[PDB]
Amino acid sequence: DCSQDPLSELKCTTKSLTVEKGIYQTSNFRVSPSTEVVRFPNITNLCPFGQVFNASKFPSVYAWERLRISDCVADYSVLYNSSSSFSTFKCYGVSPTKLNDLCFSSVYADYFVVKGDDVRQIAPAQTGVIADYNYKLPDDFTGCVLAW
Amino acid sequence: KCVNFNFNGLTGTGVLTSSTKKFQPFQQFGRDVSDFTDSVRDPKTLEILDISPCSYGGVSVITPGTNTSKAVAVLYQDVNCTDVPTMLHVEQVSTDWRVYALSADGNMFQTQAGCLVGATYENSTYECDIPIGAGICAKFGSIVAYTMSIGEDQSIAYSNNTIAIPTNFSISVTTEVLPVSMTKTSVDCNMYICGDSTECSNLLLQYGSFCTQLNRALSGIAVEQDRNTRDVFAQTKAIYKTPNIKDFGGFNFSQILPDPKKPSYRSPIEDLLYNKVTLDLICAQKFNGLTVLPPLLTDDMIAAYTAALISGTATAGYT
Amino acid sequence: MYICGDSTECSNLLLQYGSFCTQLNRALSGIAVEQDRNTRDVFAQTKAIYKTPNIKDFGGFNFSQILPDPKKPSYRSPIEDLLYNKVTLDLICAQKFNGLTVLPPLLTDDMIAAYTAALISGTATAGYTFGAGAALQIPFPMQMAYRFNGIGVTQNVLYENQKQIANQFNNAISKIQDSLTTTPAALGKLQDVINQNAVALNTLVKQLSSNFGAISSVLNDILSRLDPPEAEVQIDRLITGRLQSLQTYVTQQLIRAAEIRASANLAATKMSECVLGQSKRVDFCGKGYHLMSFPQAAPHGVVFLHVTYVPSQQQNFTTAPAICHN
Amino acid sequence: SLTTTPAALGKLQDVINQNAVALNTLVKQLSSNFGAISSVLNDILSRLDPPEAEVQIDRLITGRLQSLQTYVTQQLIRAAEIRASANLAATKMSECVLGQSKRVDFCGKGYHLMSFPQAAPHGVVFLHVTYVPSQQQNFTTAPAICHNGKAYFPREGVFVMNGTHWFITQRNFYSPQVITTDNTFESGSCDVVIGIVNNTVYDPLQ
Ligand SMILES: *[C@@H]1O[C@H](CO)[C@@H](O[C@@H]2O[C@H](CO)[C@@H](O)[C@H](O)[C@H]2NC(C)=O)[C@H](O)[C@H]1NC(C)=O
Ligand SMILES: *[C@@H]1O[C@H](CO)[C@@H](O[C@@H]2O[C@H](CO)[C@@H](O)[C@H](O)[C@H]2NC(C)=O)[C@H](O)[C@H]1NC(C)=O
Ligand SMILES: *[C@@H]1O[C@H](CO)[C@@H](O[C@@H]2O[C@H](CO)[C@@H](O)[C@H](O)[C@H]2NC(C)=O)[C@H](O)[C@H]1NC(C)=O
Ligand SMILES: *[C@@H]1O[C@H](CO)[C@@H](O[C@@H]2O[C@H](CO)[C@@H](O)[C@H](O)[C@H]2NC(C)=O)[C@H](O)[C@H]1NC(C)=O
Ligand SMILES: *[C@@H]1O[C@H](CO)[C@@H](O[C@@H]2O[C@H](CO)[C@@H](O)[C@H](O)[C@H]2NC(C)=O)[C@H](O)[C@H]1NC(C)=O
Ligand SMILES: *[C@@H]1O[C@H](CO)[C@@H](O[C@@H]2O[C@H](CO)[C@@H](O)[C@H](O)[C@H]2NC(C)=O)[C@H](O)[C@H]1NC(C)=O
Ligand SMILES: *[C@@H]1O[C@H](CO)[C@@H](O)[C@H](O)[C@H]1NC(C)=O
Ligand SMILES: *[C@@H]1O[C@H](CO)[C@@H](O)[C@H](O)[C@H]1NC(C)=O
Ligand SMILES: *[C@@H]1O[C@H](CO)[C@@H](O)[C@H](O)[C@H]1NC(C)=O
Ligand SMILES: *[C@@H]1O[C@H](CO)[C@@H](O)[C@H](O)[C@H]1NC(C)=O
Ligand SMILES: *[C@@H]1O[C@H](CO)[C@@H](O)[C@H](O)[C@H]1NC(C)=O
Ligand SMILES: *[C@@H]1O[C@H](CO)[C@@H](O)[C@H](O)[C@H]1NC(C)=O
Ligand SMILES: *[C@@H]1O[C@H](CO)[C@@H](O)[C@H](O)[C@H]1NC(C)=O
Ligand SMILES: *[C@@H]1O[C@H](CO)[C@@H](O)[C@H](O)[C@H]1NC(C)=O
């Protein structure tokens, strides 16, 4: 047990149950954390996802709109009950599993309507009518694309 | 306390303390030249904290050998013996470790190298055994720390009207040992890297001459090792017959010259030397392309050179 | 601590590189030991330690600048103190936090000074100091007479001119402190050793800020944003580059260590042939005809003072290969 | 001395052990994954097609190549150290064995007389025969002797008094000779030599 005493820490460091005479430098098998300190800003409001995801009207792709999101909690589990299922949910910047553990310094939501076959063009390094003439993302894109 | 943390998603493990540093109006964290985060602003309380690695500075463990005892002493590098209970984390994690981290009568000794605990201090001087710090060594006979000696003290009084002169003398013989050559090795750079994989072989060819260069470097060494031996032993081309007489005016050479009447071609002293430094993994080495090559000169040929050098000295000058 | 730091995910991945990490530690450990051997092999020439005499006047020859003064707070000679103050010449926190430390030498500076004091004290008062199994007491002026015969000069020259010779000796020694004080470059060799090591460590720390092709230089930021299927790729890039940077550091320390060992061997040879004896080798123990030498302690090295005989005021005479008598 | 002191030849044992370790260490680095799913190329090829297999293989090739490179580099460094030792051994063979050295502490600890080489595995052992002085006695001395207002100095050795009479002897072995005009030379005006004493210099013609 590498954490029990100074002789075990030495035996583990040298990977040997037999140790020769002398002075050795050892690895830290001694101190390990048991708790966690989690600190987040004072935010009580949920992000107005309903405003974009449950809107009565979307813009066309040639004339897309942008909305800024701030001072809110990005809880994406609410979309399990209050939103249609997403056929596409692809994140490029971060893993989608990490979104609930992150804080962002800025968030923008760009939205529009395209036909099904054109959904695949909403990505970095794409070609086509939409990618070339209507809506384009940079190669170094950090964010998520959702569609239904 | 050592702890895990997350500030606005910024995670890590460490010790959180109060900072004296100042942040810009919109700065959330600070980092040093290694991009190590050493400061963060608390999201709810507008206060800067300091972040330290849970252990830092180095710790050494001193042992007499596990075949002697299970006693150890611990050296905390570059710390005071008053700060050990703080640099440690005694109340948080340590169990049996507590006996080394906490002070007691005769438990801790302060040195220049750091704080030594678990060893006593002799208050005397001896020859160094296990070196600990600067001027400080230790021995088993638990663990005993002491200041190392640099020789005995002598005093020669100065005088201007006397001189010391030896009235007697003795002949002494001392031994000096020098390395001359290494073991010559060779590596099959394809068998080692790829083995029986032909797909790997095709990919290994994409690394140019890198593989070849390795073989060339080892080959160069192997040659040098034979030159090293030759340049030491082959001092005279002439090979002198070892005399049947080992008595040269009362001087007995029978221990340094080979005995022609025996099965051995080496002197008594040489046989002793050979049997003292002689000292399947081999299959594993061969299967993975690692081999060992023999020296150009055999041991009997080396012995022939040394025998010639002695024989030609006992009987002649201008050798 | 250098490669992974507080990242436990990295640690698990670093274990996939076998003993590579261990080998680096072993190489540096070997060097550290050699450095104590280097010092011992130069200064510890005689086991016997000779008490520094209260008399610094040995037949008119003044040794007070090369021997320590027992009545002062210092245990070093005037010249040695000057040497120490010329090569002396938070980044340290950054080094410690990233797993880089520095270990002290086995021998303290007072112990080194003790060796040099013994070597000089045992020379001013006795001969056969290289053996010292039977140190032979001799008057200093007579030791000088012997040293003069050794350079082809009849010993009567010393005795007749003892007063001038002692004066030239005393003046030549005094000039050493003035030369060193006004010439900062005199000990440049020792300063270079200190600076080279300081740079190598600071350079190594600063290589932790590199991305090495990864999205970030910080493991926690990679782990915070990505899951293993993608995080491992970004992490592998950082581990490989950090390991290469450590490997290049260790390799250059091994090369430098070889150079220092060679210098230490030369210094040890000079201690035996220049200080504990008289050399017959040209330009080995000074520039003129060698008489005697004295060692002085210095940080990370040794300084030798070589006392030599130099001819002057030459005149031309008519000569002949032989004379025919009868 | 050798029989009862196993450490006497430790230098040669170290060479053997260092090489043995380097080779065994190298073999054991083939068990490493280096970030790959497997340390075994056949298992990677068995499970994956090239589009993915090449990534896993490249990781193994890079790490195995680095391990071979570190082995070769350390052998070159060690080779340099051994060559330096071999050069020293060759020098000693020439200066200690095939001749007599005048260099202090080069061929033993005392005054060098002769040396003899002995063969050993991976190296050479020298036996150095030296002359060592012992049983020293103190005598009253003098820088010169004044005979008739003229200073006399020894051609070699020193002037010593045995308690009653003055003699000339060598420094490395006491063997007192009578002071004569043959053992000294006349030079100087007596009153210019510090510590000069009066005595009789024997003239062999009388
Ligand atoms: C974030 O919210 C916390 C409440 O959890 C605030 O805590 C207050 O701290 C002040 C001291 O500065 C106390 O006097 C108040 O009584 C605390 N409030 C409560 C309800 O206990 C904290 O100050 C807030 N921080 C920011 C930046 O808004
Ligand atoms: C130098 O001293 C040694 C003693 O160490 C002398 O050797 C002894 O000589 C006597 C004869 O008088 C023998 O009986 C002893 O057995 C010898 N001892 C040893 C160890 O051999 C030696 O003769 C002295 N030499 C001179 C020139 O005085
Ligand atoms: C040279 O030394 C050897 C010993 O190294 C002598 O050989 C010994 O002689 C004695 C007396 O006859 C025997 O009891 C021993 O058994 C012999 N030892 C060995 C190994 O043979 C040899 O006699 C000496 N030679 C001379 C000329 O003195
Ligand atoms: C040896 O040299 C030192 C100087 O290095 C001499 O000390 C000086 O003596 C003069 C004359 O009394 C004083 O004015 C100086 O202040 C002294 N200097 C120091 C540093 O003390 C010393 O006297 C000389 N010794 C002999 C025997 O000549
Ligand atoms: C000092 O030297 C004197 C002179 O050689 C020694 O005196 C002689 O001693 C021998 C006996 O060994 C006598 O036969 C001579 O007749 C003495 N000659 C004279 C002039 O006295 C004296 O013994 C020596 N003393 C010592 C201690 O060596
Ligand atoms: C050896 O040193 C002693 C002193 O220790 C010298 O004797 C002194 O010499 C001075 C100068 O002539 C006198 O003033 C003293 O009165 C003398 N003292 C004694 C006790 O005699 C001696 O001359 C020196 N001898 C040599 C060869 O240098
Ligand atoms: C959300 O959209 C649905 C139609 O898809 C609509 O029936 C519902 O009333 C909307 N929710 C709100 C709050 O308007
Ligand atoms: C589920 O959706 C309905 C709307 O159809 C809403 O009224 C209800 O509150 C939601 N459930 C929760 C837990 O929010
Ligand atoms: C270690 O101790 C055992 C007895 O338990 C003994 O047999 C063995 O020879 C010892 N080994 C060494 C190197 O002392
Ligand atoms: C140890 O304490 C001394 C004061 O006695 C202080 O000068 C020194 O800097 C301290 N060292 C450390 C590592 O804290
Ligand atoms: C050794 O003992 C003396 C008392 O005789 C004491 O003054 C000295 O400090 C002790 N040495 C150490 C390192 O404590
Ligand atoms: C000595 O040199 C000078 C020139 O400096 C010359 O004039 C003189 O003739 C030379 N002496 C002899 C003997 O040649
Ligand atoms: C020789 O040394 C002894 C002390 O061992 C001393 O008593 C004696 O006087 C010295 N001899 C001379 C001539 O000074
Ligand atoms: C003998 O030498 C001394 C000096 O040591 C001198 O004073 C004395 O006059 C000399 N005696 C004779 C007869 O010259």
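- Under the PDB entry, the name given to chain D is PRD-0038 Spike glycoprotein, and the organism recorded is Sarbecovirus sp..
- The deposited PDB record carries the title "Prefusion structure of the PRD-0038 spike glycoprotein ectodomain trimer".

- The PDB entry lists chain A under the name PRD-0038 Spike glycoprotein, from Sarbecovirus sp..

**Remarks on the overall build of chain A**
Next, step 1: Counting secondary structure elements, chain A contains 3 helices and 6 strands.
Next, step 2: Counted from the first residue to the last, chain A has its helices and strands arranged as α-β-β-α-β-β-β-α-β.
Next, step 3: Taking 2.2 N^0.38 as the reference for a compact globule, 148 residues should give roughly 15 Å; the C-alpha atoms of chain A span a radius of gyration of 25 Å, well beyond that estimate.
Next, step 4: Reported as C-alpha extents along the three principal axes, the dimensions of chain A are approximately 80 × 40 × 25 Å.
Next, step 5: Long-range pairs, those at least 24 residues apart, make up 65% of the contacts in chain A with a sequence separation of at least 6.

**A closer look at the overall build of chain D**
Next, step 1: A tally of regular secondary structure across chain D gives 3 helices and 8 strands.
Next, step 2: Listed N to C, the secondary structure of chain D is α-α-α-β-β-β-β-β-β-β-β in terms of helices and strands.
Next, step 3: The C-alpha atoms of chain D give a radius of gyration of 35 Å, which is well past the 17 Å a tight globule of 206 residues would have.
Next, step 4: In terms of overall dimensions, chain D has C-alpha extents of about 115 × 40 × 30 Å along its principal axes.
Next, step 5: For chain D, restricting intrachain contacts to residue pairs at least 6 apart in sequence, the fraction spanning at least 24 positions comes to 41%.

**Details of the interface of chain A and chain B**
Next, step 1: Across the contact, 30 residues belong to chain A and 40 residues belong to chain B.
Next, step 2: Of all the secondary structure elements, the ones that give two or more residues to the side of chain A that touches chain B are helix 1 (6–13), strand 1 (22–25) and strand 2 (36–39) of chain A.
Next, step 3: Pairing between strand 1 of chain A and strand 6 (residues 59–63) of chain B: 4 bridges, direction antiparallel. Residue pairing across strands places A:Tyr24 opposite B:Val61, the latter belonging to strand 6 of chain B.

**Section: the state of the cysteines**
Residue and element names in this part refer to chain B.
Next, step 1: The residue that forms a disulfide with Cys-2 is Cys-54, at a sulfur-sulfur distance of 2.0 Å. Between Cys-2 and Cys-54, the S-S dihedral sits near 90°, and the bridge is therefore right-handed. A residue pair is termed long-range when its members are at least 10 positions apart, and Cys-2 in strand 1 (residues 2–7) and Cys-54 in the loop between strand 5 (48–52) and strand 6 qualify at 52 residues.
Next, step 2: Disulfide partner of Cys-128: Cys-137, at an S-S distance of 2.0 Å. Its torsion about the S-S bond being -95°, the disulfide of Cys-128 and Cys-137 is classed as left-handed.

**Observations concerning the sheet that holds strand 2 (residues 10–18) of chain B**
Next, step 1: One open sheet holds the 6 strands; their spatial order is 2(A)-1(B)-2(B)-5(B)-4(B)-3(B), and the pairing between them is mixed. The sheet terminates laterally at strand 2 of chain A together with strand 3 (29–31) of chain B, the two strands that pair on one side only. Averaged over all adjacent pairs, the angle separating strand axes in this sheet is 40°, with direction ignored.

**Quick word on the interface of chain B and chain D**
Next, step 1: Of the residues lining the interface, 72 residues belong to chain B; the matching set on chain D comes to 81 residues.
Next, step 2: Per-element tally for the side of chain B that touches chain D: the top contributor is strand 15 (residues 162–179) of chain B, with 18 residues.
Next, step 3: When its residues are assigned to classes, the side of chain B that touches chain D shows 42 nonpolar, 22 polar and 8 charged.

**Comments concerning the sheet that holds strand 7 (residues 184–186) of chain D**
Next, step 1: Sheet architecture is open: 4 strands sit in the order 7-4-3-8 (chain D), paired in mixed fashion. Each of the sheet's edge strands pairs with one partner strand only, and the pair in question is strand 7 and strand 8 (197–198) of chain D.

**Observations regarding the pattern of salt bridges**
Next, step 1: Here A:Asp110 makes a salt bridge to A:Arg66, at a shortest N to O gap of 2.9 Å. Taken as a pair, A:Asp110 in strand 5 (residues 107–111) and A:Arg66 in strand 3 (residues 65–69) lie far apart in primary sequence, 44 residues in all.
Next, step 2: Of the charged contacts in the structure, one is a salt bridge between B:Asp271 and B:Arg266, with a shortest N-O distance of 3.0 Å.
Next, step 3: If you follow the salt bridges from partner to partner, you end up with C:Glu273, C:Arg281, D:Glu95 and D:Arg103 in one network.

**So, the packing of aromatic side chains**
Next, step 1: Geometrically, the ring pair formed by B:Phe109 and B:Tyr121 is stacked, given 4.3 Å between the ring centres and 25° between the ring planes. You can see B:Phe109 sitting in strand 8 (residues 108–110) and its partner B:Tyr121 sitting in strand 10 (residues 120–126), a full 12 residues away along the chain.
Next, step 2: Taken together, the aromatic side chains of A:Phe49, A:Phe53, A:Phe58, A:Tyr76, A:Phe86, A:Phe89, A:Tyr111 and A:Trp148 make up a single cluster linked through ring pairs.
Next, step 3: Sitting over the face of the ring of A:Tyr108, A:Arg68 holds its NZ or CZ atom 4.5 Å from the ring centroid.

**Examining the packing of helix 1 (residues 10–27) of chain D against helix 3 (residues 50–97) of chain D**
Residue and element names in this part refer to chain D.
Next, step 1: As a packed pair, helix 1 and helix 3 sit with axes 10 Å apart at the nearest point and diverge in direction by 170°. Between helix 1 and helix 3, the interaxial angle falls into the category roughly antiparallel. Seen from helix 1, the contacting residues are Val-15, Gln-18, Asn-19, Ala-22, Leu-23 and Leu-26; seen from helix 3, they are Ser-67, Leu-68, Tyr-71, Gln-75, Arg-78 and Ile-82.
Next, step 2: Looking at the contact of helix 1 with helix 3, its residues break down into 7 nonpolar, 4 polar and 1 charged.

**So, the environment of C:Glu160**
Next, step 1: Inspection of the secondary structure assignment puts C:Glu160 in helix 7 (residues 156–160).
Next, step 2: Along the backbone, C:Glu160 and C:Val233 are 73 residues apart, and their C-alpha atoms lie at a distance of 86 Å.
Next, step 3: Aside from chain neighbours lying at most four places away, what touches C:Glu160 is D:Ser187, D:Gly188 and D:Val192.

**With respect to unusual backbone geometry**
Next, step 1: Positive phi, close to 55°, is recorded for B:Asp78, a residue that is not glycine.
Next, step 2: The topology assignment puts B:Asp78 in the loop between strand 7 (73–77) and helix 1 (84–88).
Next, step 3: Phi is positive for D:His122, which is not a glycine, with a value near 60°.

**Some remarks on the pairing of strand 12 (residues 136–139) of chain B**
Residues and elements named next belong to chain B.
Next, step 1: As defined by bridge partners, strand 11 (residues 130–131) adjoins strand 12 across 2 bridges and the pair is classed as antiparallel. Of the residues in strand 12, the one forming a bridge with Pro-131 is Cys-137.
Next, step 2: Taken together, strand 11 and the strand that follows it, strand 12, pair antiparallel across an intervening segment of 4 residues, in which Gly-135 is found at a positive phi of about 95°.

**Describing the environment of D:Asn33**
Next, step 1: If you trace the backbone, D:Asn33 turns up in the loop between helix 1 and helix 2 (41–47).
Next, step 2: Each C-alpha atom, one on D:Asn33 and one on D:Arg171, is 73 Å from the other, the two residues being 138 residues apart in sequence.
Next, step 3: The residues contacting D:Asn33, other than those within four sequence positions of it, are C:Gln16, D:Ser38, D:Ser39 and D:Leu60.
Next, step 4: Among the polar contacts listed, one links the side chain of D:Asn33 to the backbone nitrogen of D:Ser39, at a separation of 2.8 Å.

Reading guide: rules and limits
Residues numbered from 1 in each chain as written, not as in the entry; some residues may be left out. Chains lettered and ligands numbered in written order. Part of a larger assembly, values for the part shown. Heavy atoms only, no water. Residues with missing side-chain atoms left out of burial classes, pairs and counts. Helix = DSSP H or I, 4+ residues; strand = E, 2+ residues; numbered from the N terminus. Rg over C-alpha atoms; globule rule 2.2 N^0.38 Å. Contact = heavy atoms within 4.5 Å. Pairing = 2+ DSSP bridges. Disulfide = S-S within 2.5 Å. Axes fitted to C-alpha atoms, helices over the stretch in contact; angles between N-to-C directions. Nonpolar A, V, L, I, M, F, W, Y, C, P; charged D, E, K, R; others polar. Salt bridge = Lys/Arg side-chain N within 4 Å of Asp/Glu carboxyl O. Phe/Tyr/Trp six-rings, centres within 6.5 Å; stacked < 30°, edge-to-face > 60°. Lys NZ or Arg CZ within 6 Å of the ring centre and 35° of its normal. Parallel < 35°, antiparallel > 145°, perpendicular 65-115°, else oblique. Polar contact = N/O pair within 3.5 Å; in protein donor to acceptor, adjacent residues only side chain to side chain.

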